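Below: the structure, in structure tokens.
Bear in mind these aren't lab numbers, they're just calculated from the coordinates by the rules spelled out. Virtual Cβ from ideal backbone geometry, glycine too; neighbours counted across all protein chains shown.
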Amino acid sequence: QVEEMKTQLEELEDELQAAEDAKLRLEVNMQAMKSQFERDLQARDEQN
Amino acid sequence: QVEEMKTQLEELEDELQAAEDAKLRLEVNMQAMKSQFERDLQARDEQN
Amino acid sequence: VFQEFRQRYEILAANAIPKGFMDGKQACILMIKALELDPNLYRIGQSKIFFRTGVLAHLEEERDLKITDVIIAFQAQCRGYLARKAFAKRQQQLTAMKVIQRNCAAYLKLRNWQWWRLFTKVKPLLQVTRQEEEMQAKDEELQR
Amino acid sequence: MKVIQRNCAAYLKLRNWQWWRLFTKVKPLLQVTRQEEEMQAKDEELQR
Amino acid sequence: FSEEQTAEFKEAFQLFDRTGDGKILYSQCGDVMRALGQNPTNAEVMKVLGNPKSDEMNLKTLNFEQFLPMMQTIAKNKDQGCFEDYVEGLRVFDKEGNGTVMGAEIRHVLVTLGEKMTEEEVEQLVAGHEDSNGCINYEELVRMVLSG
Amino acid sequence: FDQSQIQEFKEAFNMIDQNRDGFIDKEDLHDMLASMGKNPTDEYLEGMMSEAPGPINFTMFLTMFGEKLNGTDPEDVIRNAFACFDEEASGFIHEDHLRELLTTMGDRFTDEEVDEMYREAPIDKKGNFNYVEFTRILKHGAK
């Protein structure tokens, strides 16, 4: 059970690191897409 | 006591992993939708 | 003229006027008959209508006291529409602002770290990727 | 006529220098292609 | 009402806070209310705002606690001016019934009638829909304002 | 993590690792700054070696610059957020406008931010501020 708890803590830390990386990348992607689409709409309106 | 703590940690890890998977799926879907909308806006700007 | 005044002031009393518009002259005759105005206060005409002084002011006020409802209703509606539009605009601007904010705050945290001057002195030296990307950028620029 | 002296003296004192010869060898050996073609295309497009 | 939409209510309330705690000026909270679909005239706003004066409106803010009964009273209106009202009134407001309504007259009778608004308000309202005839199709703009 | 960033970091590292051992020591940065100018005082070198668990290895400074940098955004999306921020779309907003907006944009900001920005930005002589090159400087285009 000590070995199983160690393995469970390892799996939990791995899942938490993966989730943190995924959340950071997803926030970056969402912010980037929003800003880029808004700026593209603004530039298209300016070009029109 | 250690077994109860490990069970609580495993339950919390499973719940947080399900939540993070749902959030990552939603964020990837939103990023894909934003990229598609940006491509559509570019095509619409060219048509305009 | 008949039709102008008719369509402009029938709001006061359009109760029993036949929706099928009869002779515009006859239509304004019957509409002012319903308006209960003294003949001498105006001048019925074959093509236009003529009125005394200050009578239009009375008619303007009588008209104005009926439109206020529509006035305030549409005013509130359009104000709320402008409000929600500016709200969406400002919240999008605030999202962009939060992005810029995180970036400049990270810069603040990093503009003073000693390693920065060091590793920024060296970046302008190696530019092979910069050289290539500028080659293609100048290619498309020259083509444009 | 006092700036041409530096140029000619440099070219002479490096022409016999074997290291300058090595440099003027390695650049046509495998180095002229990318940068030289880039700059040539740039100059041609600019002249056009 | 319900906590169902109170999450969006909370994020919008704290979104336009100049102090970032839950205290938003009376003018600003009325503007948020209008931005929330519920756009009543400032008359009933002040009526349910304890009947304050302009100074109190620009100095006194509101917590989110009292904001719930406030939108509750706003929801007691349960309806506003109808669409057929606006279309028929604008149609009868024109001079000749030519499917449209002149622009300058609209701007004037909007900034100088009943509820007062600044000129740029109605300007950016009508902006984009202008035409060389100066007669804008009231129908498209009124349905855009109603639906939007 | 970014391909361009990691590739340029390792490029600059293998260029500065004059011993090519993957271990950054006092020799490398010392002689580099000597060729650049005044040699760095060895206490600065030790303090720069205090963050890593030893002689700065490749992944060492990789992780350190990651944890010090992961969270920013490239100049592209920066100027994108800056674009709709201005109606003129020329990138010439006023710095005192930046001040009046920064004090309450989202969370409240203080005065040190704006004074440092003005003292470290090419502002014009009335307030107008250009970011077409300043934001690239923030991403190290010129500084």
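Search the structure for amide H atoms under 5 Å from the amide H of F:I56, placed 1.01 Å from N in the peptide plane, and list their residues when 5 or more places away or on another chain.
Excluding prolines and chain starts, which carry no amide H, the hits are F:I24.
How many Cβ atoms of partner chains, on average, are near each residue of F:66-78 if near means within 10 Å of its Cβ?
Values: counts 0, 0, 6, 3, 4, 8, 10, 9, 3, 1, 4, 12, 6.
Average neighbour count from other chains, rounded to a whole number: 5.
Which cross-chain or sequence-distant (5 or more) residues have an amide H under 5 Å from the amide H of F:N128, H modelled 1.01 Å from N in plane?
Distant-sequence amide H within range of F:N128: F:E95.
Tell me, what is the FRET efficiency for C:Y42 and E:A104 to the nearest 0.05, using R0 = 25 angstrom and their Cβ-Cβ distance as r? Each step should come with its number before you reach the end.
Details: r = 28 Å, r/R0 = 1.14.
Step by step, r from the Cβ atoms, then E = 0.30.
For the protein assembly as shown, what is the Kirkwood hydrodynamic radius in Å, using each pair of distinct C-alpha atoms?
Numbers: mean 1/r = 0.0317 Å⁻¹.
Hydrodynamic radius (Kirkwood, Cα only) of the protein assembly as shown equals 31.5 Å.
Could you work out the local net charge near E:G103, counting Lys and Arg as +1, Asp and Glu as -1, over the other residues with Cβ closer than 13 Å to its Cβ? Write down the numbers at each step before the final one.
Working: positive: E:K95, E:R107; negative: E:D94, E:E105, E:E119, E:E123, E:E130, E:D131.
Result for the neighbourhood of E:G103: -4.
Roughly how big is the protein assembly as shown's charge dipole about its Cα centre, with Cβ charges of +1 (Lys, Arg) and -1 (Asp, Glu), in debye to the nearest 20? The partial results should precede the final answer.
Values: 75 positive and 109 negative charges, 581 e Å.
With only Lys, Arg, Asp and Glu charged at Cβ, the dipole is about 2800 debye.
Could you work out Rg/(2.2 N^0.38 Å) for the stretch E:29-148, with Rg from alpha carbons only? It would help to have the intermediate numbers written out before the result.
Details: Rg = 16.9 Å, N = 120, 2.2 N^0.38 = 13.6 Å.
Normalised Cα radius of gyration, the stretch E:29-148: 1.25.
Can you compute 3J(HN,Hα) from phi for each residue in the stretch F:106-120, using the Karplus curve 6.51 cos²θ - 1.76 cosθ + 1.60 with θ = phi - 60°, rounded to whole Hz and x for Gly and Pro?
With coefficients 6.51, -1.76 and 1.60, one gets x, 7, 6, 10, 8, 8, 4, 4, 5, 5, 5, 4, 4, 6, 10 Hz.
Could you work out the relative contact order of chain C? I mean the mean sequence separation of Cα pairs under 8 Å and 6+ apart, divided by the number of residues, in percent. Before the final figure, lay out each step's value.
Numbers: 45 pairs, mean separation 25.1, N = 144.
Averaging sequence separation for qualifying contacts and normalising by length gives 17 percent for chain C.
So who's got an amide H within less than 5 Å of the one on C:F51, skipping anything under 5 residues away but keeping other chains? H placed 1.01 Å off N, in plane.
Amide H to amide H, under 5 Å and 5 or more residues apart or across chains, C:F51 pairs with C:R43.
Starting from the Cα of C:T129, step 7 Å along the direction of its Cβ; do the same at C:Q93; then give the gap between the two resulting points in nm.
3.6 nm
Using a Förster distance of 45 Å, how high is the FRET efficiency between B:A22 and C:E61, based on the Cβ-Cβ distance and rounded to 0.05?
Working: r = 64 Å, r/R0 = 1.42.
Efficiency, from the Cβ-Cβ distance: 0.10.
Could you go through the stretch A:16-33 in sequence order and give the Karplus-derived ³J(HN,Hα) for each residue, using 6.51 cos²θ - 1.76 cosθ + 1.60 with θ = phi - 60°, rounded to whole Hz, and x for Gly and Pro?
Each residue of the stretch A:16-33 in turn: 5, 5, 4, 5, 5, 4, 5, 5, 4, 4, 6, 5, 4, 5, 5, 4, 4, 5 Hz.
About the Cα centre of the stretch D:7-48, what is the dipole size in debye to 20, counting +1 per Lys and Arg Cβ and -1 per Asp and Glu Cβ, all else neutral? Walk me through the numbers before you get to the answer.
Values: 8 positive and 6 negative charges, 85 e Å.
Once rounded to the nearest 20, the dipole reads 400 debye.
Label-to-label distances across copies for A:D14, with labels 7 Å out along Cα→Cβ, in nm, shortest first?
A:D14 label point versus its equivalents elsewhere: 1.8 nm.
Suppose every K and R has +1 on its Cβ and every D and E has -1 on its Cβ; what is the size of the dipole of the stretch E:1-132 about the Cα centre, in Debye to the nearest 20?
Details: 13 positive and 25 negative charges, 113 e Å.
Dipole about the Cα centre, nearest 20: 540 debye.
Restricting to Cα pairs below 8 Å that are 6+ residues apart, what does the relative contact order work out to for chain E? Please round to a whole percent.
Values: 107 pairs, mean separation 27.5, N = 148.
RCO, chain E: 19 percent.
Only helical DSSP H runs with n ≥ 4 go in: add -39500 (n - 2.57) per run for the protein assembly as shown, normalise by residue count and round the 222 nm mean residue ellipticity to 500 deg cm²/dmol.
Working: 27 runs with 387 residues, N = 579.
Result for the protein assembly as shown: -21500 deg cm²/dmol, rounded to the nearest 500.
In the stretch F:112-143, which residues have a backbone nitrogen under 17 Å from the label point lying 7 Å from F:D96's Cα in the Cα-to-Cβ direction?
Answer for this model: F:114-119, F:123-130.
List the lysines whose Cα lies under 25 Å from the Cα of D:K25, skipping any in the same chain that are fewer than 8 positions away.
Here the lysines satisfying the reach criterion relative to D:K25 are D:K13, D:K42.
Modelling each spin label as a point 7 Å along the Cα-to-Cβ direction, I'd like the A:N48/E:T118 distance in nm, to one decimal.
Label at A:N48, label at E:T118, 2.6 nm between them.
For peptide C:31-42, how many partner chain Cβ atoms fall within 10 Å of a residue's Cβ, on average?
Numbers: counts 0, 0, 0, 0, 0, 0, 0, 0, 0, 0, 0, 0.
Shielding by partners across C:31-42 averages 0.
Cα to Cα, under 28 Å, and not fewer than 8 places away if on the same chain: which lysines meet these conditions relative to E:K76?
C:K66, C:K85, E:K10, E:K23, E:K47, E:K53, E:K60, E:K116
At q = 0.09 Å⁻¹, what log₁₀ I(q)/I(0) does chain F have when each alpha carbon counts as one equal point scatterer in the Debye sum?
-0.43
Per-residue Cβ counts within 10 Å, from other chains only, averaged over C:81-92: what number is that?
Values: counts 11, 11, 9, 8, 5, 3, 8, 1, 1, 3, 5, 5.
The shielding value for this peptide is 6.
Note the angle between two axes, namely the Cα long axis of helix F:75-85 and the longest principal axis of the Cα atoms of chain F, as a number of degrees from 0 to 90, rounded to the nearest 10.
On a 0 to 90 degree scale, this one is about 10.
Mind pulling the per residue volume of the convex hull built on the Cα atoms of the stretch F:31-74? Å³ is fine.
113 Å³
Which pairs, out of C:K98/F:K68; C:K19/E:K95; A:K34/C:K121, put more than 22 Å between their alpha-carbon atoms?
Working: C:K98/F:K68 19 Å; C:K19/E:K95 18 Å; A:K34/C:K121 34 Å.
Beyond 22 Å: A:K34/C:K121.
Just going by the charge dipole of the stretch C:1-95, with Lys and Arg at +1 and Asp and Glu at -1 on Cβ, which of C:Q91, C:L65, C:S47 is farthest out on the positive end?
Checking the options against the dipole of the stretch C:1-95, the answer is C:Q91.
Could you work out how far the C-alpha centroid of the stretch C:1-78 sits from that of chain A, in angstrom?
So the separation of the two Cα centres works out to 66 Å.
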